[PDB]
Amino acid sequence: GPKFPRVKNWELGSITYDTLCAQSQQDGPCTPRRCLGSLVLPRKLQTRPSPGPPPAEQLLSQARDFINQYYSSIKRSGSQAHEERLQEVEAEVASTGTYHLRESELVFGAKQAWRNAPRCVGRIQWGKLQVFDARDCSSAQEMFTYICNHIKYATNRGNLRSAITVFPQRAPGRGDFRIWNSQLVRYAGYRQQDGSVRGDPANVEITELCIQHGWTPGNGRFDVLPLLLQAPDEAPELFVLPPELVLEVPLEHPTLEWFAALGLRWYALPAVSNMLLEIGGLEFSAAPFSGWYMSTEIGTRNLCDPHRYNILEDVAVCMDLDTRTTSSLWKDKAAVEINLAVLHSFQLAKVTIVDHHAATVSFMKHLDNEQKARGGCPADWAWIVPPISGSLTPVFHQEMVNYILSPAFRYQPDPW
Amino acid sequence: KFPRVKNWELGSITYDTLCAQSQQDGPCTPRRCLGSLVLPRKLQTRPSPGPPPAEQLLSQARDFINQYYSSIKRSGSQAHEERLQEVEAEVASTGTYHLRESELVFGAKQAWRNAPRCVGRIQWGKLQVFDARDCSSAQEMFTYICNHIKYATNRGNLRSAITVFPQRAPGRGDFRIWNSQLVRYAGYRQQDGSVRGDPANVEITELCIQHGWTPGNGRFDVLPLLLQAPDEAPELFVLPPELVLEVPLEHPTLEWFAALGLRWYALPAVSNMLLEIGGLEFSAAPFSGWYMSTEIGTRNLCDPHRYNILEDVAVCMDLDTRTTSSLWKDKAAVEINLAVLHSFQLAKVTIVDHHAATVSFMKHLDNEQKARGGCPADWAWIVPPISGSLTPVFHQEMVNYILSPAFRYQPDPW
Ligand code: HEM
Ligand code: HEM
Ligand SMILES: C[C@@H](O)[C@@H](O)[C@H]1CNc2nc(N)[nH]c(=O)c2N1
Ligand SMILES: C[C@@H](O)[C@@H](O)[C@H]1CNc2nc(N)[nH]c(=O)c2N1
Ligand SMILES: [Zn+2]
């Protein structure tokens, strides 16, 4: 048969071939020898700080490829406007060492990056993304205004809208624009004397960083952290988000009346802010993006991970389950009710949310659309299948091919 | 080159140096990862009508023998050298060789140990190895299989076992067990195109009737075995009801569950895989242990392409099947897995839940890190089909690679 990866769906018995991977110009962790596909941060993509300007020729080949992708998307490949834009990018790189993107090219690339993200199960929405251009931003203070506008627009009082704000690209001989926090909204994690943590253990370091920069800490489990925004060559400045902008949802359960008394809650807007947006060789170190939550992100990972809120045991005790033995499946029962509480509470509060069943079904539709449109879809199986009820969703039975396509969202080293 | 493996629940880190011993390649490449694929494109094991290359075989043989003598700490000794000369002498004159029972036992255990997809490898050292290499007929195969089943079942106190039939030989048909498992429920494709019984077994069920078996009309009809001796049509052998222990499914609190008439067998015995030791291939080597509850409760009973009983249970539980957000599927699934565990514990039949199993697997990884400097594992298979992140293995990065001895997939005989 064909010379491309054969991908099978074991539920429906259907077969497809991924021809899109052929266009992957970057390598990943795997080798014929061993499969390092489960590693969360394998050292390949890793956009480690490469100070001194990049090879003029390497940037070029990357820029040429992107422009071609752009002209193809508009069905004008090989046209006069295409060849001229190519001549322009080269001329620019030849005299300055870098180049700049036109407005429409940025919008296109931002959407492609999302479209290309192997770990995102919400890609059926890729074509619907509000792209805020913020490449004129010249201060940490201005960064704060743009971000507040982003949160306001994206939150949209509960009827969430996907969006991304793009700050100035990395420049030769100039510091990067950086948002120190991993997400625009994060709960503080306070390191106690007795070794434990109050709040979210995941945010311990950033919480301690805000303190070293002048933040006066609180002492709750759900304290919203301030932002540490960094303009070029300047130390990060602290900014506190107006409570009214940060929409939160108190969690309650549809039938277990005591669940509300737990005082649990979570914020409505999931906005990643520490990832790097790469387009045609240009690197956007600060380009926060946000969509809406898939219920399991909150109910299973954030609230039940042993290294996060770890509320499984407490909730099980309230449901009066036998937590002394594994065969009682007490962990499973509690997790289900907690995830149900998240869904119930968001719907009640009229805030956008999607359960793992709906999400995965929609992702299958996305795979089908992309099979026709591009001959494949890069996907990270371990990240696409939900943390609970895995084989109960359609994606579990779908084989997937993972590879890196550019434009893309990449991990980058912490500024500190 | 040495994978830096990390555990995200504890923050601990280790380096896998064992993968360097891997001489066999996987499907992955630096350009794209295909680890989520179940069966290879061709990594299989092409035909064996001719003798395998002497240099190739001799190399795998010497390596395996080196392995065995390290295991008994007699490496470099005289016996070790005389065994190497024996193997080299035999291969040079016949193009192949044979293993000693002790070596075979060692090889069978290492194969289990090296199985990337097995979560119960903590039990790898406890395996009853039955040497069935002195088998010359389908009928003999059957008797051997019946003894394996009797031994392994052990009145409900399951014991891990493997029976090894004659190795493959150049230019001669293979000994084969056509069934994928020793115990499988029939899949009768009823007119409508739908299926009564286990849909996964529609093909083998067809082949059995085609070879004379008189089918039934139930959802849990135990199939007969199609045993095949070299270059001979497979024969039909019905398994004695007494040998095939089964567990009636009922729920600890929901009284109507038993009414569903659900049931499942006690012994999970894979019989379609190939066992490779030092270059020798054993096309018929059925092995078995005991079930992990999710294999039955989640996959076999709830997979959409299997018994797919999720909705039925939900309707009986009186849940909101109208929408996905009511999490009716997750709810019914948990009760079904609870029923399986309850039932098996009630019938005094060995079983392990996914929580206990993964904790043990974590320990195994630990034991292996100190013993061999690593442990090949396939994350997608190790992590349970439900409550993934609720178990320790989900948060553990894993490295996947091929070590030999090894259990491999092989073409269907027909
Ligand atoms: C519209 C709603 C969306 C949903 C429901 C969704 C859902 C998901 C989920 C479940 C994850 C996994 C989170 C984790 O386990 O860490 C994820 C990862 C990701 N998503 Fe989406 N997504 C959506 C929108 C977005 C948007 C708007 C972008 C970008 C423009 C995006 C980019 C990504 C990327 C790059 C990752 C990988 C992050 C990482 O590697 O940690 N997603 N998404
Ligand atoms: C002691 C009890 C054992 C338990 C609890 C256990 C559990 C498991 C589980 C849950 C799987 C996944 C099966 C699937 O999803 O289809 C598996 C796969 C596997 N196990 Fe074990 N196992 C045990 C004993 C054995 C034994 C005795 C052997 C061999 C001597 C073995 C060899 C393997 C192999 C080769 C696979 C992969 C099979 C395939 O690719 O389909 N296991 N085991
Ligand atoms: C070990 C590593 O593959 C595991 O921790 C991954 C697996 N799935 C997964 N999936 C999502 N969506 N998010 C995650 O953080 C992870 N973690
Ligand atoms: C698509 C394919 O990788 C998926 O169906 C795999 C994943 N995990 C898994 N895990 C186990 N234990 N058994 C299986 O059959 C599978 N199937
Ligand atoms: Zn891989």
Side-chain angles (χ1 to χ4, degrees), chain A residues 28-42 45 109-131 154 160-166 182-183 202 269-272 274-277 287-298 300-302 305 307-308 352-356 358-360 362-363 366 380-387 390 400-403 407-411, chain B residues 5-9 26-37 377-380 382-383 388-389 392-401:
Chain A
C30 303
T31 61
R33 188 177 215 61
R34 73 292 184 287
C35 177
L36 293 178
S38 64
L39 281 55
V40 174
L41 307 172
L45 288 176
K111 293 179 173 180
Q112 282 300 104
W114 180 7
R115 188 191 192 175
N116 290 343
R119 290 174 180 182
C120 186
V121 69
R123 284 177 285 158
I124 189 175
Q125 295 278 153
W126 80 270
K128 188 166 177 182
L129 179 67
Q130 178 51 50
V131 180
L160 283 60
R161 298 180 295 210
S162 306
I164 180 177
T165 293
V166 182
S182 58
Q183 285 185 36
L269 191 77
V272 177
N274 59 174
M275 295 192 83
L276 171 138
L277 175 53
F289 57 83
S290 68
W292 54 75
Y293 270 116
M294 171 171 76
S295 66
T296 58
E297 282 176 281
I298 304 179
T300 300
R301 305 303 310 289
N302 296 355
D305 269 9
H307 52 300
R308 295 299 295 288
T352 307
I353 184 112
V354 62
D355 64 75
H356 52 291
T360 51
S362 78
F363 182 72
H366 174 69
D380 188 320
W381 198 90
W383 280 67
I384 298 294
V385 172
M400 291 170 205
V401 188
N402 194 190
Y403 48 93
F409 286 110
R410 310 172 179 292
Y411 291 126
Chain B
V5 188
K6 174 177 179 175
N7 179 300
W8 300 82
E9 168 182 345
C28 293
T29 58
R31 303 193 65 198
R32 81 276 182 293
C33 173
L34 293 171
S36 78
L37 280 54
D378 187 338
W379 197 91
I382 299 295
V383 176
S389 66
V393 292
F394 178 103
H395 305 283
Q396 176 67 65
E397 295 186 333
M398 296 172 205
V399 186
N400 191 16
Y401 47 94

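Residue numbers begin at 1 in each chain, while the letters A, B, ... track the order of the sequences. Note: hydrogens, waters and symmetry copies are ignored here, and every other heavy atom, side chains too, is used. Order of appearance sets the numbers: ligands from 1, and atoms from 1 within every ligand.
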**Aromatic plane relationship, A/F409 with A/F289 - under 30° parallel, 30 to 60° tilted, over 60° perpendicular** = tilted

**Request:** Pick, from B/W8, A/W381, B/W379, the option with the minimum heavy-atom distance to atom 7 (C) of ligand 3.
**Result:** B/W379

**Message:** Return the closest protein heavy atom for atom 15 (O) of ligand 1 as residue, atom name and distance.
**Reply:** A/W383 CZ3, 3.7 Å

**Asked** Just heavy atoms, cut-off under 4.0 Å: does A/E297 contact ligand 1 by side chain, backbone, both, or neither?
**Response** side chain

**Asked** For atom 33 (C) of ligand 1, what's the nearest protein heavy atom and its distance?
**Response** A/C120 CB, 3.7 Å

**Atoms of ligand 3 close to A/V40 [distance to a heavy atom under 4.0 angstrom, numbered from 1]** = 2 (C)

**Message:** Tell me whether A/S38 has any N or O atom under 3.5 angstrom from an N or O of ligand 3.
**Reply:** yes

**Complete:** One should read off an interatomic distance between A/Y403 OH and B/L34 CG, to the nearest 0.5 angstrom, of 10.0 Å

**Message:** Please compare A/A163, A/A117, A/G291 and report which has the shortest non-hydrogen distance to atom 34 (C) of ligand 1.
**Reply:** A/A117

**Request:** Compare all side-chain heavy atoms of B/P30 with those of A/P32 and state whether any distance is below 4.5 angstrom.
**Result:** yes

**Prompt:** Hey, is ligand 3 close enough to B/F394 that some N/O pair sits below 3.5 Å?
**Reply:** yes

**Request:** Using a 4.5 Å cut-off on heavy atoms from C-beta on, say whether the side chain of B/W379 contacts that of B/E397.
**Result:** no

**Request:** Specify the protein heavy atom at minimum distance from atom 18 (C) of ligand 1: its residue, its atom name, and the distance to 0.1 Å.
**Result:** A/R119 O, 3.7 Å

**Request:** For atom 3 (C) of ligand 1, find the nearest protein heavy atom and state the residue, atom name and distance (0.1 Å precision).
**Result:** A/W292 O, 3.7 Å

**Asked** Side chains of A/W383 and A/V40: closer than 4.5 Å at any heavy-atom pair?
**Response** yes

**Asked** At what distance, to the nearest 0.5 angstrom, does CZ of A/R308 lie from CD of B/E9?
**Response** 13.0 Å

**Message:** If I take atom CG from residue A/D305 and atom CZ from residue B/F394, how far apart are they, to the nearest 0.5 angstrom?
**Reply:** 7.5 Å

**Prompt:** Any side-chain heavy atom of A/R123 within less than 4.5 Å of one from A/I384?
**Reply:** yes

**Request:** Any chance you could measure A/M294, atom CE, to A/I353, atom CD1, to the nearest 0.5 Å?
**Result:** 9.5 Å

**Message:** Ignoring hydrogens, what is the shortest heavy-atom contact between A/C30 and A/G37? Give both atom names and the distance.
**Reply:** SG-N, 3.9 Å

**Request:** Hey, could you give me the CZ/OG distance between A/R161 and A/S290, rounded to the nearest 0.5 Å?
**Result:** 10.5 Å

**Prompt:** Hey, does A/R301 sit under 4.0 Å from ligand 3 if you only count heavy atoms?
**Reply:** yes

**Request:** Would you mind checking which non-hydrogen protein atom is closest to atom 24 (C) of ligand 1, with the distance to 0.1 Å?
**Result:** A/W114 CZ2, 3.4 Å

**Asked** What's the shortest distance from atom 38 (C) of ligand 1 to any protein heavy atom, and which residue and atom give it?
**Response** A/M275 SD, 4.1 Å

**Prompt:** Can you give me the SG-the Zn ion (ligand 5)-SG angle for A/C30 and A/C35, to 10°?
**Reply:** 110°

**Message:** In the structure I gave you, are the side-chain heavy atoms of A/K111 and A/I164 within less than 4.5 Å of one another anywhere?
**Reply:** no

**Asked** For atom 32 (C) of ligand 1, what's the nearest protein heavy atom and its distance?
**Response** A/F289 CE1, 3.5 Å

**Fill in**
ligand 1 to A/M294, heavy atom cutoff 4.0 Å, flagged ligand atoms 10 (C)

**Message:** Among all protein heavy atoms in this structure, tell me which lies nearest to atom 8 (N) of ligand 3, with the distance rounded to 0.1 Å.
**Reply:** A/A382 O, 2.9 Å

**Item:** Main-chain N/O of A/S295 paired with A/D355 side-chain donor or acceptor, under 3.5 Å
**Value:** no

**Request:** Could you tell me if any non-hydrogen atom of A/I164 lies under 4.0 Å from any atom of ligand 1?
**Result:** no

**Prompt:** Which ligand 3 atoms does B/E397 reach within 4.0 Å, using its non-hydrogen atoms?
**Reply:** 1 (C)

**Ligand-residue contact atoms, ligand 3 with B/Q396, heavy atoms, under 4.0 Å** = 1 (C)

**Request:** Examine A/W383 against ligand 3 and note whether any of their N/O atoms are separated by less than 3.5 Å.
**Result:** yes

**Request:** Around atom 40 (O) of ligand 1, find the nearest protein heavy atom and jot down its residue, atom name and distance.
**Result:** A/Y411 OH, 2.5 Å

**Item:** Approximate separation, where rounding is to 0.5 Å, of A/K128 NZ and A/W114 CH2
**Value:** 10.0 Å

**Message:** One residue to check: A/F409. Relative to ligand 1, which of side chain, backbone, both or neither has a non-hydrogen atom less than 4.0 Å away?
**Reply:** side chain

**Message:** For ligand 1 and A/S290, I'd like to know whether there is a polar contact (N/O to N/O, distance under 3.5 Å).
**Reply:** no

